[PDB]
Amino acid sequence: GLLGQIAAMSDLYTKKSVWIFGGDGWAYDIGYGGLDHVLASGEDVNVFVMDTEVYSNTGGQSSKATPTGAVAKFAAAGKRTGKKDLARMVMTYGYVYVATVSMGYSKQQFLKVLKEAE
Amino acid sequence: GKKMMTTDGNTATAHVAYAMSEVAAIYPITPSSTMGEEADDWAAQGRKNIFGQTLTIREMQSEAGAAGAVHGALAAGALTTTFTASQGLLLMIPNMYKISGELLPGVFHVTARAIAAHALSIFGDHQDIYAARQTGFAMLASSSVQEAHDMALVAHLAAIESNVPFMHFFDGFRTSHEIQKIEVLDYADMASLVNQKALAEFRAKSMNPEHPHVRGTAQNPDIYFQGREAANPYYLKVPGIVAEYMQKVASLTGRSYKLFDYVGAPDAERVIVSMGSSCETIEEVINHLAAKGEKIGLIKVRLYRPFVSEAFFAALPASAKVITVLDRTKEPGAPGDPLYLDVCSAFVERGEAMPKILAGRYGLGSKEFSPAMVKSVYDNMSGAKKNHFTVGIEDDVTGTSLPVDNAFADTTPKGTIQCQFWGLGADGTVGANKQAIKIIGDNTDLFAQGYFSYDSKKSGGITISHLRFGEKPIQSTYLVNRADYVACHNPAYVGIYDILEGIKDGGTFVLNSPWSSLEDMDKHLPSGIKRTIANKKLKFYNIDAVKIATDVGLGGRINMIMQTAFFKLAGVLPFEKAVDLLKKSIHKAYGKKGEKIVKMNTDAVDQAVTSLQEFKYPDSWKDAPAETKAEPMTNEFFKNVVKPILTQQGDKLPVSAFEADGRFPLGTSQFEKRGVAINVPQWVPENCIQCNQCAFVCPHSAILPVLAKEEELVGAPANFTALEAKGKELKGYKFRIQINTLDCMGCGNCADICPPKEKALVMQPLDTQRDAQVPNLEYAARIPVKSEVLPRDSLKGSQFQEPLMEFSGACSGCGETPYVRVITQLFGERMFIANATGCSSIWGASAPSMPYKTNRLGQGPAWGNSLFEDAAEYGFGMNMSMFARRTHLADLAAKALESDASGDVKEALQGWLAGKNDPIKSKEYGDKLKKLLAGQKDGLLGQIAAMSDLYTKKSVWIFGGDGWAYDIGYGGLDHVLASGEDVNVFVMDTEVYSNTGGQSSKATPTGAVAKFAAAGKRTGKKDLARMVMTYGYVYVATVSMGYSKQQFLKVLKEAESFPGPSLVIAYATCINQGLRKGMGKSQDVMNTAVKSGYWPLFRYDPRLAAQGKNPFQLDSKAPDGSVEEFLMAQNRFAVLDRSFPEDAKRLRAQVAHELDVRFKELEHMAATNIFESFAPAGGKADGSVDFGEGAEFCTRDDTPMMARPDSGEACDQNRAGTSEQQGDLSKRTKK
Amino acid sequence: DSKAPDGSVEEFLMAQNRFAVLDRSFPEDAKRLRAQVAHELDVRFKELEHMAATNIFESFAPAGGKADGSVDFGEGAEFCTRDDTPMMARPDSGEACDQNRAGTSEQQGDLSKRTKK
Amino acid sequence: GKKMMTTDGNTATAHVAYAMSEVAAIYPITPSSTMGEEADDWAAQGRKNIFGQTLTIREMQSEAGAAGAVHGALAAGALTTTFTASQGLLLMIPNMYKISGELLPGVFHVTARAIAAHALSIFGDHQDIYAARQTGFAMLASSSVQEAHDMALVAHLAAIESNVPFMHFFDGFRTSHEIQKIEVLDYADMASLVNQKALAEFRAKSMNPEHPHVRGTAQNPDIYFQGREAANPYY
Amino acid sequence: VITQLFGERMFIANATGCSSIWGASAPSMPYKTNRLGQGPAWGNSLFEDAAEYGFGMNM
Amino acid sequence: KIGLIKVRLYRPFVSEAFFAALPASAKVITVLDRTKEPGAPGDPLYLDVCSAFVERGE
Ligand SMILES: Cc1ncc(C[n+]2csc(CCOP(=O)(O)OP(=O)(O)O)c2C)c(N)n1
Ligand SMILES: Cc1ncc(C[n+]2csc(CCOP(=O)(O)OP(=O)(O)O)c2C)c(N)n1
Ligand code: SF4
Ligand code: SF4
Ligand code: SF4
Ligand SMILES: [Ca+2]
Ligand SMILES: [Ca+2]
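Chains as they are written, first to last, in the authors' numbering: chain W, 940 to 1057; chain D, 2 to 1232; chain L, 1116 to 1232; chain Y, 2 to 236; chain C, 823 to 881; chain R, 296 to 353.
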């Protein structure tokens, strides 16, 4: 009974950290609409976007995250449009922790964001 | 244990799903929307599932999102569900492969619905389940409300044990929406059938950081093929597991099932294989025919996947000499449909007898599958043996349909009352019907069935109900044809519709009408009806429900009276129990605001019963004879297609009546003149200040401003009164406000906003107006619209334009139509409209009636609904086509200038080339050219002559509401907008998913009460405007008609002209927001929305940034404390107050704080020196370069994904370090 | 967390082939765009600056309320809140109401207060 | 006329697609990514299609977006294409029904690829084409690089004339990525096989505010079943 | 480092892309458990739905 | 004595043409499918060919 039940749910005792991993092509393009919804849902999940500023894995195709003038696939003369501002875009909600980072610059600030975001 | 219950198939299944689920990721899609909503209300009421917990429901942005959420949950150990249909289902296909791929106990309940091909459909068929045929999910079909409950249970238990997901489907509407008296089960019983060892294992196999594993891996060719076959043992066991559970449940229920089940004669020679609800009706006919000695049978399929041939056969009689497989779908180009294809493979694979299998199709899009049709399927087996036929349609083009004989007898069991009720929307007929079913079914032990035909018209639409009671279970899954009792609750029907079709001899018939005397009665009822009433020997009862209702105090509300007539004259119950049972319910329901209401209802029942006596009639009726057609000119098409459909005779149209690609011509709305407003605004010339705010406001184009110079007003009616025209430019004309009292919904909007104290427009009952205002309208209709006299886009001048969208089947005082009408009053002649699904498409394109029309010149909005999920990317498609086709024209024109073409021709040509993108010059010049190249057919010049529908710049619009723009279609809206190309998106904001049930959208406000936001949304509105304003190159503006019509026009003009993307979000009212004082108060409300600070009006136009000016302009002033008096005026906000004051007072403060912040942020943006500059575009020029040229290190990997045709040249893969590390190294060994 | 731009921009862009190829092969266009990017980061960072300094801003609550209770947007509403469409039809729907065809409340009343009899 | 060329199945087909298309709404998905990229570099190099115009390629946010863009273009009169595989294809299913539903000459070139079930796969098989079996699109398979060129041509011309969209598929990697010495055709020859009466009609049947019509309508049960069978003569 | 901080108790819903390609190409899998047998529960749903997938787990 | 029918036009599936390619001496015929529909009674190509053979009635 009861006590035994709880004994069996031991892989639920300690709070878990739900992460959502993906790059710029997913977060800014194909998966954005969803990224946005989940983020607007206000529940406790953590999304980490690795920004390469293009669709890497498949051929370096230009993504909505690719910068003005960067040369990628379908942006063969250098992208003629600005980077999609996802950060300022989701910062409009007000209830979503939003941060950007760069390892080469501050590893301290990266850790401060990991600790704060989670 | 067991519990009697009288409900539909949806809730029948949502009963079982809530019980067996721990999580539900959801999304609204007709006809399955209910299930998710009930799953949600129940959870909101503390209801516990089998584990004693309330359900976790969450609403996703789309059903693909829901599919993925359902996937992650199962992966994570929770048992999960989802409800979906047609397109929703298609979007869940990718996941479904992953879900069964990873062997998870998912369960999808789908109310099988048709797929949108030439046209869309909310109705029922198997096009969507068959689309998921290969995903790997098991499929189990229920063919009746009782079966939806059981089969849903089977599907859950079997999933848990087998680890193979299950999709349980039932026909959309014909089962999902059929009320029927069934037996349900207690959660404890469902709980008791659960394999715990299996369930505890699902738990351990799951994801968990305490004992992790990786799933989803990418596999090569060496191991993919194997790992794919590794799940076989499971699919081998999923059938026995289903059989095991059909058996266990039967143990508790008494209702037994088999994978495939036979019904009919043991020595039947002609057997039918069906699936879904057709079986019930087929079974019902089988009995009839068999009682007569016929050797016919039926195999109802339950478990469609996996398809156990062994079990198929165990249900097919050995004497079957011919067998036809009925499929509720159409796979264009296959050699046969799925079910038929499956059965065949069994027969060949069996290698013995071969009964001659015939294939047939029925019910697509909820087409009827009545008994006569089944008789026909059968007769075919013994007669012609036409293979690959259709039943239910007259296929005169391909000639594949079976003939149908309606003289076929009635086949319902002995002792069955069949009823039909004809009513007007919102007269409570349907409600009463659902009530009479609970009442009868709960206090008698007769089976009750109820099905309700509706109307595509949102306001004043008709509604016909079909009820059935009988001592035997009702297997009639078809509409009622031989009615015992037919009731007509709206006198207007008698004349227009076929009220008495099929009524049985001596069948009672009641009519709500004030023609109490043989005199009036005689001066209204048509010949056909008096006759019908006569030769068939009917029991005609006339009742003036309106008056008795007014009399007894119920303010002319006929529901309770017409409810009395049923109970009394229906023949289902003995008089004393009938009137007994009725009163007992008057108290249960009611007992609201005390006794008064109650008693006042009781009295209605009384006098209802008292005044309810047979209308006695003259034998003369037997040959009452024919009337004359006071018919107007209506088109060759209205005459032939749109009228027949509107008068409930569309089934009668053969396939040749419809266009292969399903298109429809515009303006069929013009000839409708429903004339259902109760009160219609009437003009008062002596008060009109001549302003054109009334028409500009009419959500249906009911008001028509006439400006006619005096000699056009000659044969004008005596009463065609007109004022002198105020204005400089306006002097030789007389201006009149013409009320179209037959295309008005009597919303009251115009009069309510009409400016003068002594109103110019006043509401008057339709009958004080119509006689005089009908002919005047016509007159005013064949008078020229003064498009050029005033500035097109000036409030007054706009109302002097041809409205290219009129009389939509949208609600009275709808908040969407005023906008879209003026949008066409400004760009109509050259616009493309890509309409996202929602009220826009529903009111804008419900066959046969189409609001949008062409102008005097035959041009108007090219209209098309792609889907719901992709309106923008669809309108981006058109945009691209115009680029290419318009570019072709320009290279061709550019070429003609190098020819021996006329000088004039060349002069038009460069002018055009120079003004291609000017909607003035492009036309000014294209017309010169259209005349100049007239007749031209040879080479270059001829080519350009043929591309004349490309000469003038077109306006590409993308229409959709908040659910599309903020949710399902956002991702796309965003992309198209980021694309920077010239398209215009117009979002009608209702702050919820209107069209389908007022479900909460990501645009719904803090504390607004919608579906899935049942305690008032506990999150802020998604700020789309500020969200897209971050790009910097997208024109973004918000508007509100009630506040500034001038600013609306300034936004239309500015948005359409910005050489690039434009976003226009408009506050739109809705029946769903629940405006306390009426939709007439709509304009006043949009207006309060801006004053209150609730909805501020701004504009972000990048060309200002181009001139060094700040592109952000506020247009609304700071908040003025109206907020609360604004919120508390909409039921959406006020219900939460009534029912959750402590929580509600909190949230209206949240919203009052939010609008206060957003507006303070809107303030220093207007004042910001910092800002995002602008360039329309301008550079590129021929030249391509790969990111890989002249790079030093490798720029690609050894992966097969990066391999390209010209790849493979060597480079530095970075394995040897940095340049300087490579060199400091070389400079450290050298040798 | 980062400080203002320090003119590194071009020496940064010109270091990645993604940006440098366009230079090699489209100098006239490339010199233009690296200026665009140098202008953009200059704007975004100036906007990133007065946000850090803004007194105006969006407040926060993790969540906390609801509690058992469900209510349809249709309760105690005066006019109809649903249509005759088959899409809106629900299990417990069908009770009569004012479909707005007869006008606004006050228009209904000024009318009653104008015939009465 | 004819031209010897030694290439893979992808470019073998992208040769024909660029020639027969006026618009391409696109999205990258292995193994079919090449086609779209070549369609794009070529356009960037002034290359002309059979009408003497360079191709209009645009990259969407997903292939469902590309499916919808492909739909709006055809509706709007332009002949259109798209390249896709496995999941990309599955996302184009809803539109595909609308595309053949409204009888438009679309053409989808898919390098048939496996579907992600227990695991994902970029490799080749017919799990994705068979998934679109019922959308109403015609299907024509090529079984070798030489056949990808021809069959792609057949698929374009037949679409123009029949008004029934075409999906032309070849195995992913085993054909899409197999270099082989083949014989191609000049655009002028492809141009010469085009039914002009059919093409000029595709143009007139199209959307245009000068002569509008409404498509996409919501139909009830009285007329849905019929209007659905109304396209039979075509198939 | 994200795992050097939360590894023992994390769910990872990986969108397709280099993440899943480098993070889960059978037979070789980078992610490991700790001295105690616990580590990141890893799974690639699809490309189009990484977030809504990780929202599923959350639910 | 072995043969092969390479299918070109899979949809629409013209049975008439299917047959016009199958030798009259075919005594056994195996339909190869490059796919796996879990739980169907056979794959698409195989399913199609069958319906032709039964529908042919010889
Ligand atoms: C539905 C779908 N469409 C297309 C693809 C092909 N694909 C996978 S990787 C890739 C792009 C990867 O994007 P990004 O997030 O930038 O990844 P990274 O740069 O980190 O590799 C795409 C389009 C896919 N897997 N699924
Ligand atoms: C892919 C898909 N999912 C679900 C639906 C069901 N449906 C159509 S209308 C509706 C919501 C309409 O949204 P909104 O834009 O708010 O429309 P309006 O308020 O203007 O009616 C939905 C979900 C659909 N048509 N297609
Ligand atoms: S009451 Fe409404 S529908 Fe009638 S004319 Fe006025 S605005 Fe139009
Ligand atoms: S709103 Fe009133 S005053 Fe103005 S044009 Fe209409 S009827 Fe006349
Ligand atoms: S938007 Fe609202 S008011 Fe308008 S048609 Fe839709 S449900 Fe009716
Ligand atoms: Ca967090
Ligand atoms: Ca524009």
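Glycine included, each C-beta is placed from N, C-alpha and C at the ideal position.
Quick check: is the beta carbon of residue i nearer than 8 Å to any beta carbon in chain W?
i, result
"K99 of chain D", "no"
"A1167 of chain L", "no"
"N856 of chain C", "no"
Within its chain, find whatever has a CB closer than 8 Å to the CB of residue i; leave out the 5 residues flanking it on each side and keep chain order.
i, result
"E628 of chain D", "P527 and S528"
"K597 of chain D", "none"
"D1144 of chain L", "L1137"
"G663 of chain D", "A118, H119 and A120"
Residue i touches chain Y at which residues, Cβ-Cβ below 8 Å?
i, result
"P307 of chain R", "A139 and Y236"
Starting from the beta carbon of residue i, find every residue of chain Y whose beta carbon is closer than 9 Å, and list them in chain order.
i, result
"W864 of chain D", "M208, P213, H214, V215, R216 and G217"
"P339 of chain R", "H127, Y131 and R134"
"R1077 of chain D", "The premise fails here: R1077 of chain D is roughly 31 Å from chain Y at the closest Cβ pair, so nothing lies under 9 Å."
Which chain C residues sit within Cβ distance under 8 Å of residue i?
i, result
"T953 of chain W", "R831"
Does any C-beta atom of chain Y lie closer than 8 Å to the C-beta of residue i?
i, result
"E874 of chain C", "no"
"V326 of chain R", "no"
Can you check whether the C-beta of residue i is within less than 8 Å of a C-beta belonging to chain C?
i, result
"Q147 of chain Y", "no"
Excluding sequence positions up to five away, which residues of its chain have a Cβ less than 6 Å from the Cβ of residue i?
i, result
"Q181 of chain Y", "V146"
"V1124 of chain L", "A1153"
"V481 of chain D", "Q419, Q421 and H467"
Kindly list, in the order they appear in chain D, the residues whose Cβ is closer than 8 Å to that of residue i.
i, result
"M21 of chain Y", "Near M21 of chain Y there are no residues of chain D at all, since even the closest Cβ is about 13 Å away, more than 8 Å."
So residue i contacts chain D; which residues on that side make the cut at Cβ distance below 7 Å?
i, result
"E103 of chain Y", "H119, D662 and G663"
"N996 of chain W", "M1202"
Identify every residue that forms a DSSP beta bridge with residue i.
i, result
"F665 of chain D", "Y:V215"
"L941 of chain D", "According to DSSP, which records beta bridges pairwise, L941 of chain D is partnered with nothing at all."
"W864 of chain D", "D:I834 and Y:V215"
Report the neighbours of residue i on chain W: residues whose CB is nearer than 9 Å to its CB, in chain order.
i, result
"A1182 of chain L", "Under the 9 Å cutoff, chain W gives no residues; its nearest Cβ is about 18 Å from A1182 of chain L."
Quick one: residues in its chain with C-beta nearer than 7 Å to the C-beta of residue i, no 5 flanking neighbours on either side, listed in chain order?
i, result
"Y734 of chain D", "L708, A709, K710 and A726"
"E60 of chain Y", "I27 and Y28"
Identify the contact partners of residue i in chain Y, using a Cβ-Cβ distance below 7 Å as the criterion.
i, result
"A68 of chain D", "Residues of chain Y passing the Cβ test: none, with the nearest at roughly 11 Å."
task: List in chain order: all unbroken beta strand (DSSP E) runs of 3+ residues lying wholly within the stretch 490–577 of chain D.
output: 509–513 and 540–544
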